[PDB]
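Visitor: My structure is below; once you've seen it, I'll send some questions.
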Amino acid sequence: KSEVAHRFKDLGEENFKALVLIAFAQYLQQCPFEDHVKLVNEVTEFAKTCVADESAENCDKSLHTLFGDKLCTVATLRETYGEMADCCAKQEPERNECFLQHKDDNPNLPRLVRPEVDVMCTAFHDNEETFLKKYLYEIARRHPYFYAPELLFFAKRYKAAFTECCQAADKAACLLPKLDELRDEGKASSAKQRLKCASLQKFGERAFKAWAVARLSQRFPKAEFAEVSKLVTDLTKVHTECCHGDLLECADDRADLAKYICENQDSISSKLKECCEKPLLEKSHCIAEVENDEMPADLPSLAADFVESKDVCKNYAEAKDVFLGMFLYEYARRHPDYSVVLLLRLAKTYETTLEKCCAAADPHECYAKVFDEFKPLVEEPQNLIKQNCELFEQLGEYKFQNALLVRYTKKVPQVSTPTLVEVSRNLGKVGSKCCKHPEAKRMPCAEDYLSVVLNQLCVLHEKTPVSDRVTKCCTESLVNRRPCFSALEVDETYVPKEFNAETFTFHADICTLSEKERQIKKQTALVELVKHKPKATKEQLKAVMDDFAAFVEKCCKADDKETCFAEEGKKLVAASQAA
């Protein structure tokens, strides 16, 4: 009742100031930092008046109308943006949905360089408000879908890193690992979220709600159906708001939801003790990541209530959505060893059968062996898991990746080179994540990390589409993306693309570059190699590839006029078109 004020009171200025900063950051990505700070201030001063008098001019207005009006005021730079200006004509809810459509999932922003360590540690004490506020903005404008309250938590942890490491006996030794653990954590944290958002925005909330249901029931298998639905609802709400740009209420509701949980901990899950003792940001991050609680021991079989019962069709027709939710919750709670997508497949599979039976000839008879149809759908993933993982240990993550650059480039050569590189690199990072574990823990680990990663290629791509086959797989089902993609075979259509001269020669700036980032150019070359000769190709590449790896190492220790990079670059560009 005057909202800007309400949300300011619940959260306090720092967050309030930080939250808006992310918003603007996230929409106006090609906007330089001061401009945002200014807008934020105007927004923050204005908010405070509404704290004082609820009734004063525009305090009642919607947060999005408030954001929006402000966003309309100097998007008048479209000279550097373009056609987000269109949207200023339309009005709520139209405009915000029009805006969100222009979120750049891959902006042309200079790779954010980090300076020497003294320098960062100096700039901390000079102005630390600015230092962290810039931390937000640079991260935020690059990851425009980020789960906002989490950004905060990182920010907290980033400050924790500097607050200590600038007085560490050896600054850089404290600092770097911590920051790399942050650079690492965030990237994962951000993609997780991107999935969530896209499902809400392409597939809808009924689709998300199942997601939620399945994965919560796995988390708190002790808890009752009535409890979980409650959580799912509220969880859905939150994420709807953070995807829909509604950042302030997103945050507020998230921390309302942390609180309801920590109170109702014997009605939920045993293992919440440890999260719920911690501060308000730690809390939510923690419960976000709680390990799967002890499942109740000796539970009935489902068939009883979902197969043999002779009210099945009547209760299905009566409340299909609740009946299916209750089903899913049941099968979910008993299978933390299945992936969410699989449990999800099976609950869609049970739906489609019940739809087939309830009006046709003999319901008990046709649906009676529903559980039999699951068996195939269960085994298919586990097979593909084993296969990859042995491959992972045989090769070592680096080699494994390369191999996938092969699988995929050949499978879909039309797609951009840096896209394949990243996407495959991360697809490799699954093995480092999941093969670690035993085969209880593996399937949900890998298949749910994969969903995340294939969605990355999906949205990275939908930007400027080049392959229809990608475009198709992203489109049809969410659950069945991994299957769909798994299916593709080497692209016969594809005419092989010419010959870059300079793409296959490298300068001596390469030696200044790190391990990862040396390998990263190598992986780029590998993508371009197959974009070129898909034809006569097997491990004859591994030959030409080790050649690049080697000659790189030799040339960096040659004390030359950067000679053999350029000069013998001509040797290998001619000798490779042979080999």
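In the structure tokens, chains take letters A, B, ... by order of appearance, with residues numbered from 1 within each chain and ligands from 1 in the order shown.
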Would you list the contacts of residue 348 of chain A as number ranges by chain, taking every protein, DNA or RNA residue within 12 Å and counting only C-alpha atoms, but skipping same-chain residues closer than 3 positions in sequence?
Guide: A: 207, 210-211, 320-321, 324-325, 327-328, 341-345, 351-355, 370, 373-374, 377, 477-480
Visitor: Would you list, as a ChimeraX atom specification, the residues of segment 196-416 of chain A that end up in helix (DSSP H, G or I) under DSSP run on this structure's backbone?
Guide: /A:196-203,205-219,225-243,247-263,270-272,275-277,280-288,303-308,312-318,320-334,340-357,363-367,370-395,397-411
Visitor: Tell me which of A:389, A:440, A:109, A:75 sits closest to residue 142 of chain A, counting only C-alpha atoms.
Guide: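 Among the listed residues, the smallest separation from residue 142 of chain A belongs to A:109.
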Visitor: Excluding residue 300 of chain A and residues on its chain fewer than 4 positions from it, collect all residues at most 12 Å away from it, counting only C-alpha atoms, and give them as number ranges by chain.
Guide: A: 296, 304-306, 330-331, 334
Visitor: Could you produce a table of the residues of segment 126-209 of chain A lying within 9 Å of segment 101-106 of chain A, with the nearest pair of atoms per residue and their separation in Å rounded to one decimal, using only C-alpha atoms, ordered by chain and increasing residue number, as a Markdown table?
Guide:
| residue | atom | partner | partner_atom | distance |
| --- | --- | --- | --- | --- |
| A:141 | CA | A:104 | CA | 8.8 |
| A:142 | CA | A:106 | CA | 7.2 |
| A:143 | CA | A:105 | CA | 7.0 |
| A:144 | CA | A:103 | CA | 6.6 |
| A:145 | CA | A:105 | CA | 8.0 |
Visitor: Can you tell me which residues surround residue 493 of chain A at a distance of at most 12 Å, considering only C-alpha atoms, apart from same-chain residues fewer than 5 positions away, and format the answer as a PyMOL selection string?
Guide: chain A and resi 410-414+467-469+534
Visitor: Would you mind exporting the chosen residues as an mmCIF file, in the first residue's frame, restricted to N, CA, C and O atoms?
Guide:
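To be explicit, this is the file written out as out25.cif:
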data_model
loop_
_atom_site.group_PDB
_atom_site.id
_atom_site.type_symbol
_atom_site.label_atom_id
_atom_site.label_comp_id
_atom_site.auth_asym_id
_atom_site.auth_seq_id
_atom_site.Cartn_x
_atom_site.Cartn_y
_atom_site.Cartn_z
ATOM 1 N N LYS A 410 31.090 -31.606 -35.070
ATOM 2 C CA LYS A 410 30.718 -32.446 -36.220
ATOM 3 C C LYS A 410 29.255 -32.660 -36.265
ATOM 4 O O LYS A 410 28.687 -32.737 -37.331
ATOM 5 N N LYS A 411 28.659 -32.795 -35.091
ATOM 6 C CA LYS A 411 27.251 -33.021 -34.992
ATOM 7 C C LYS A 411 26.433 -31.781 -35.378
ATOM 8 O O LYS A 411 25.307 -31.916 -35.854
ATOM 9 N N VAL A 412 27.002 -30.589 -35.178
ATOM 10 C CA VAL A 412 26.299 -29.317 -35.427
ATOM 11 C C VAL A 412 27.250 -28.163 -35.779
ATOM 12 O O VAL A 412 27.300 -27.133 -35.062
ATOM 13 N N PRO A 413 27.962 -28.300 -36.924
ATOM 14 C CA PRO A 413 29.056 -27.402 -37.327
ATOM 15 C C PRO A 413 28.658 -25.948 -37.599
ATOM 16 O O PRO A 413 29.530 -25.054 -37.577
ATOM 17 N N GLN A 414 27.365 -25.714 -37.832
ATOM 18 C CA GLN A 414 26.876 -24.382 -38.175
ATOM 19 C C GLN A 414 27.046 -23.363 -37.020
ATOM 20 O O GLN A 414 27.223 -22.157 -37.267
ATOM 21 N N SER A 467 21.740 -23.086 -36.727
ATOM 22 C CA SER A 467 21.337 -24.459 -36.950
ATOM 23 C C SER A 467 19.910 -24.726 -36.471
ATOM 24 O O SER A 467 19.535 -24.478 -35.337
ATOM 25 N N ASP A 468 19.141 -25.272 -37.397
ATOM 26 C CA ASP A 468 17.743 -25.622 -37.240
ATOM 27 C C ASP A 468 17.594 -26.768 -36.242
ATOM 28 O O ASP A 468 16.590 -26.882 -35.543
ATOM 29 N N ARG A 469 18.615 -27.611 -36.192
ATOM 30 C CA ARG A 469 18.561 -28.866 -35.470
ATOM 31 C C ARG A 469 18.705 -28.583 -33.987
ATOM 32 O O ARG A 469 18.072 -29.233 -33.147
ATOM 33 N N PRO A 534 35.744 -32.087 -41.815
ATOM 34 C CA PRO A 534 34.984 -33.116 -41.114
ATOM 35 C C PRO A 534 35.199 -34.488 -41.697
ATOM 36 O O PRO A 534 34.887 -35.480 -41.048
#
Visitor: For residue 3 of chain A, find every residue with an atom within 9 Å (counting only C-alpha atoms), except residues of its own chain fewer than 4 positions away, and show them as a PyMOL selection string.
Guide: chain A and resi 7-8+50+59-63
Visitor: Got time to write the residues from that selection, N, CA, C and O atoms, as a PDB file, in the first residue's frame?
Guide:
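File again_21.pdb, as written:
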ATOM      1  N   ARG A   7       8.754  -2.423   0.591  1.00  0.00           N
ATOM      2  CA  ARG A   7       9.947  -3.226   0.296  1.00  0.00           C
ATOM      3  C   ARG A   7      11.260  -2.598   0.832  1.00  0.00           C
ATOM      4  O   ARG A   7      12.146  -3.299   1.286  1.00  0.00           O
ATOM      5  N   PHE A   8      11.377  -1.280   0.810  1.00  0.00           N
ATOM      6  CA  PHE A   8      12.490  -0.613   1.495  1.00  0.00           C
ATOM      7  C   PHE A   8      12.567  -0.917   3.005  1.00  0.00           C
ATOM      8  O   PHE A   8      13.651  -1.049   3.564  1.00  0.00           O
ATOM      9  N   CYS A  50       8.725   7.999   0.684  1.00  0.00           N
ATOM     10  CA  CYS A  50       7.576   7.096   0.809  1.00  0.00           C
ATOM     11  C   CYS A  50       7.552   6.326   2.113  1.00  0.00           C
ATOM     12  O   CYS A  50       6.488   5.851   2.536  1.00  0.00           O
ATOM     13  N   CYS A  59       4.246   7.365  -4.289  1.00  0.00           N
ATOM     14  CA  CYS A  59       4.619   6.236  -3.470  1.00  0.00           C
ATOM     15  C   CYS A  59       3.795   4.961  -3.684  1.00  0.00           C
ATOM     16  O   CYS A  59       4.280   3.821  -3.510  1.00  0.00           O
ATOM     17  N   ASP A  60       2.549   5.170  -4.073  1.00  0.00           N
ATOM     18  CA  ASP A  60       1.632   4.072  -4.323  1.00  0.00           C
ATOM     19  C   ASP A  60       1.999   3.272  -5.584  1.00  0.00           C
ATOM     20  O   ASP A  60       1.728   2.061  -5.647  1.00  0.00           O
ATOM     21  N   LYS A  61       2.632   3.948  -6.557  1.00  0.00           N
ATOM     22  CA  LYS A  61       2.952   3.374  -7.890  1.00  0.00           C
ATOM     23  C   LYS A  61       3.620   2.006  -7.845  1.00  0.00           C
ATOM     24  O   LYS A  61       4.255   1.661  -6.854  1.00  0.00           O
ATOM     25  N   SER A  62       3.472   1.247  -8.931  1.00  0.00           N
ATOM     26  CA  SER A  62       4.086  -0.075  -9.041  1.00  0.00           C
ATOM     27  C   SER A  62       5.584   0.020  -9.246  1.00  0.00           C
ATOM     28  O   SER A  62       6.097   0.951  -9.865  1.00  0.00           O
ATOM     29  N   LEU A  63       6.262  -0.998  -8.754  1.00  0.00           N
ATOM     30  CA  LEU A  63       7.705  -1.031  -8.725  1.00  0.00           C
ATOM     31  C   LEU A  63       8.200  -0.985 -10.171  1.00  0.00           C
ATOM     32  O   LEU A  63       9.089  -0.196 -10.512  1.00  0.00           O
TER      33      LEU A  63
END
Visitor: Can you tell me which residues surround residue 429 of chain A at a distance of at most 10 Å, considering only C-alpha atoms, apart from same-chain residues fewer than 3 positions away, and format the answer as a ChimeraX atom specification?
Guide: /A:392,397-398,400-401,423-426,432-434,446,449-450
Visitor: Would you write out those residues with C-alpha atoms, as a short mmCIF file (atom, residue, chain, number, x, y, z; two decimals), in the first residue's frame?
Guide:
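Produced file out22.cif, reproduced below:
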data_model
loop_
_atom_site.label_atom_id
_atom_site.label_comp_id
_atom_site.auth_asym_id
_atom_site.auth_seq_id
_atom_site.Cartn_x
_atom_site.Cartn_y
_atom_site.Cartn_z
CA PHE A 392 36.16 -39.31 -18.58
CA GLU A 397 39.02 -33.86 -18.31
CA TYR A 398 41.10 -31.90 -20.84
CA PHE A 400 37.61 -35.60 -22.66
CA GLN A 401 36.53 -32.04 -23.54
CA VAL A 423 29.57 -25.33 -23.96
CA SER A 424 31.64 -28.40 -24.51
CA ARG A 425 34.20 -27.31 -21.83
CA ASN A 426 31.46 -27.12 -19.25
CA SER A 432 34.74 -33.78 -12.62
CA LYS A 433 31.47 -33.30 -10.84
CA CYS A 434 29.63 -36.53 -11.19
CA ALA A 446 25.00 -35.50 -14.12
CA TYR A 449 23.88 -30.58 -14.47
CA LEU A 450 23.47 -31.46 -18.14
#
Visitor: Check the smallest atom-to-atom distance from each of A:319, A:5, A:357, A:223 to residue 369 of chain A using only C-alpha atoms, then report the winner.
Guide: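 Of the candidates, the smallest distance to residue 369 of chain A is held by A:357.
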Visitor: I'd like the contact shell of residue 26 of chain A - 12 Å cut-off, only C-alpha atoms, skipping same-chain residues fewer than 5 positions apart - returned as a compact mmCIF listing (two decimals) with N, CA and C atoms, in the first residue's frame.
Guide:
# COMPACT_ATOMS: atom_id res chain seq x y z
N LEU A 19 20.01 -3.97 -4.89
CA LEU A 19 19.03 -4.65 -5.73
C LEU A 19 18.67 -3.88 -7.00
N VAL A 20 18.33 -2.61 -6.82
CA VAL A 20 18.04 -1.79 -7.95
C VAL A 20 19.24 -1.75 -8.88
N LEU A 21 20.42 -1.63 -8.28
CA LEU A 21 21.62 -1.49 -9.09
C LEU A 21 21.79 -2.69 -10.07
N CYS A 31 25.35 0.20 -20.67
CA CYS A 31 25.33 1.47 -19.95
C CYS A 31 26.49 1.57 -18.96
N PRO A 32 27.24 2.67 -18.98
CA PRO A 32 28.42 2.79 -18.11
C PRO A 32 28.07 3.11 -16.67
N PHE A 33 28.89 2.59 -15.77
CA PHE A 33 28.58 2.51 -14.33
C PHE A 33 28.03 3.75 -13.56
N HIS A 36 24.24 4.48 -13.83
CA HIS A 36 23.44 3.59 -13.01
C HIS A 36 23.43 4.03 -11.56
N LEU A 71 13.36 3.89 -16.60
CA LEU A 71 14.03 3.27 -17.74
C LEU A 71 13.71 3.98 -19.06
N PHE A 99 10.77 -5.22 -22.63
CA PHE A 99 12.13 -5.04 -22.17
C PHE A 99 12.90 -6.34 -22.01
N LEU A 100 12.34 -7.26 -21.23
CA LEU A 100 13.03 -8.47 -20.89
C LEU A 100 13.45 -9.19 -22.16
N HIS A 102 14.79 -7.90 -24.63
CA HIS A 102 16.08 -7.35 -25.06
C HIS A 102 17.25 -7.61 -24.14
N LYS A 103 17.08 -8.46 -23.13
CA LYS A 103 18.20 -8.88 -22.29
C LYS A 103 19.20 -9.66 -23.14
N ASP A 104 20.42 -9.14 -23.21
CA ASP A 104 21.53 -9.78 -23.95
C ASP A 104 22.28 -10.86 -23.11
N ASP A 105 22.02 -12.11 -23.47
CA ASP A 105 22.61 -13.26 -22.81
C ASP A 105 24.08 -13.39 -23.12
N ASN A 106 24.54 -12.59 -24.07
CA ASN A 106 25.92 -12.59 -24.44
C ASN A 106 26.35 -11.22 -24.93
N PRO A 107 26.54 -10.26 -24.02
CA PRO A 107 26.82 -8.91 -24.51
C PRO A 107 28.26 -8.72 -24.99
N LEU A 136 29.23 -5.73 -8.21
CA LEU A 136 27.87 -6.00 -8.69
C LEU A 136 27.70 -5.66 -10.14
N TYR A 137 27.87 -4.40 -10.46
CA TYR A 137 27.51 -3.97 -11.82
C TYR A 137 28.23 -4.78 -12.94
N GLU A 138 29.50 -5.12 -12.77
CA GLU A 138 30.22 -5.80 -13.84
C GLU A 138 29.75 -7.22 -13.99
N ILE A 139 29.53 -7.87 -12.86
CA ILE A 139 29.00 -9.22 -12.85
C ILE A 139 27.59 -9.22 -13.46
N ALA A 140 26.83 -8.22 -13.04
CA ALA A 140 25.40 -8.23 -13.21
C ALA A 140 25.03 -8.00 -14.65
N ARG A 141 25.71 -7.05 -15.27
CA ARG A 141 25.44 -6.71 -16.65
C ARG A 141 25.87 -7.83 -17.58
N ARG A 142 26.72 -8.72 -17.08
CA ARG A 142 27.19 -9.85 -17.87
C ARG A 142 26.30 -11.03 -17.70
N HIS A 143 25.72 -11.16 -16.52
CA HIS A 143 24.81 -12.25 -16.25
C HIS A 143 23.45 -11.66 -15.97
N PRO A 144 22.73 -11.27 -17.02
CA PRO A 144 21.51 -10.55 -16.79
C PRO A 144 20.38 -11.41 -16.25
N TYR A 145 20.58 -12.72 -16.06
CA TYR A 145 19.49 -13.54 -15.48
C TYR A 145 19.77 -13.96 -14.05
N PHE A 146 20.93 -13.60 -13.54
CA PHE A 146 21.33 -13.99 -12.20
C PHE A 146 20.26 -13.90 -11.11
N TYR A 147 20.27 -14.91 -10.25
CA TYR A 147 19.42 -14.95 -9.07
C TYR A 147 19.88 -13.87 -8.12
N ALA A 148 19.12 -12.79 -8.04
CA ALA A 148 19.64 -11.58 -7.41
C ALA A 148 20.11 -11.71 -5.97
N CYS A 242 12.03 -12.96 -9.83
CA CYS A 242 13.43 -12.71 -10.22
C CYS A 242 13.70 -12.85 -11.71
N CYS A 243 12.84 -13.59 -12.40
CA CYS A 243 12.95 -13.72 -13.85
C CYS A 243 12.21 -12.60 -14.53
N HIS A 244 11.17 -12.16 -13.85
CA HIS A 244 10.28 -11.16 -14.39
C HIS A 244 10.83 -9.78 -14.05
N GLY A 245 12.01 -9.74 -13.45
CA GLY A 245 12.68 -8.49 -13.14
C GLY A 245 12.32 -7.91 -11.80
N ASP A 246 11.30 -8.49 -11.18
CA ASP A 246 10.71 -8.00 -9.93
C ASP A 246 11.65 -8.21 -8.75
N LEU A 247 12.80 -7.55 -8.78
CA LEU A 247 13.93 -7.95 -7.95
C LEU A 247 13.71 -7.75 -6.47
Visitor: Mind pulling up the distance from atom CA of residue 163 of chain A to atom CA of residue 133 of chain A?
Guide: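 Between atom CA of residue 133 of chain A and atom CA of residue 163 of chain A the gap works out to 15.1 Å.
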